[PDB]
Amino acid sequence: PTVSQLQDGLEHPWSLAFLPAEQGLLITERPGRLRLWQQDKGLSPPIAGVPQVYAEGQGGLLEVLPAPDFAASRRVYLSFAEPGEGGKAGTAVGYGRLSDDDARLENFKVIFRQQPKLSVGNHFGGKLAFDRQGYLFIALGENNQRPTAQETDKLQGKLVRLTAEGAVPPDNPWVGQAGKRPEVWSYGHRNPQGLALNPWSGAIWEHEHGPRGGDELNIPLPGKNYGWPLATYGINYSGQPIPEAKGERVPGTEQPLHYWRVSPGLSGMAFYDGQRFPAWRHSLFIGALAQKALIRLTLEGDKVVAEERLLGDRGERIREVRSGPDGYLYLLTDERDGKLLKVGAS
């Protein structure tokens, strides 16, 4: 593949999002800054009005996602780790309006908070995605408290579906059910760092880290249990089993679409529906942090039929993957001197 380094000097960049036409790209730096990159103008100073964050461990400023109607509204959603009571943090999601001159995020306000707050630095999740109807999906980790992913009254280890304003859609699976959070779409997730709308089927797909082994790709269905920590393809970091695990397959829990017994460290995900590189059409691209590579899965409908590895000689932790309107892939690398990369098939 071809690789062009478009920008360096990004401190642990986490998310990118394209703005319309040639207006550029927004990029988050996990320590807590939002930037705008454009091909002629380079990288902006930090944009004003961004929330303060819990910038410890894996937390900080996470996803940036312009609203589907950004051209009209200039609305920009952000996810981030937010401090709370008792010195524990949790994920939060809000939005503001990017000013006409790109200098300031105006009137930022939180619309959703993970509760309770249980993290001391790990497993925020944080990816965001809109579906075809404009509903907002939010992927949440279990804050490193493994059993809470199974608990229906806790927002740990859940995929959440909200309206554009953060309200609960009345057809969410748990609405009206005692002891269950009505924001929840699916449960039993560990630490999801991939979330994307399949452009052909209209289904949200998700991926998540396993512990020592067992990273997973899922197609999450409403009200379904993805099994963490009762079911897993991984073990604990010590080499002992995860204490709560009953098996790789556990009845009443849904299997992953695809799994990796040796964890690449999945991060970022994009379906390729461009015209520039026809050989890449109907592929799903996923970053690998630990294995420092880009994964390409060939799809036949909902089936994964082949797995390819790219960029394995570059030595960069791939944190973010987006399919650009110009037909190239755009990546961020997770390092102190983090990079924005433009990647093509040849």
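The numbering used is simple: start at 1 and walk along the sequence shown.
When the Cα temperature factors in the entry are averaged, is it 300-308 or 49-57 that ends up higher?
The recorded data point to 300-308.
Which has the higher mean CA temperature factor in the PDB entry, 263-271 or 238-246?
Mean B over CA atoms: larger for 238-246.
Checking the record values for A196, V160, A164, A81, which has the greatest CA B factor?
Answer, based on the entry's C-alpha B-factors: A164.
Specify which of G94, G210, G126, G252 carries the largest Cα B factor in the deposited PDB entry.
Max CA B-factor in the entry, restricted to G94, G210, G126, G252: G252.
Going by the recorded CA B-factors, say which third of the chain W14 sits in, lowest, middle or highest.
It belongs to the lowest third of the chain when residues are ordered by C-alpha B-factor.
Rank-wise, by C-alpha B-factor, drop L36 into the lowest, middle or highest third of its chain.
It falls in the middle third of the chain.
Taking the chain's C-alpha temperature factors as the reference, tell me which third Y77 falls into: lowest, middle or highest.
Lowest third - that is where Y77 ends up once the chain's C-alpha B-factors are sorted.
Can you work out whether the C-alpha temperature factor of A21 puts it in the lowest, middle or highest third of the chain?
Tercile = highest for this residue's CA B-factor.
In terms of the chain's CA B-factor thirds, is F70 lowest, middle or highest?
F70: CA B-factor falls in the middle third of its chain.
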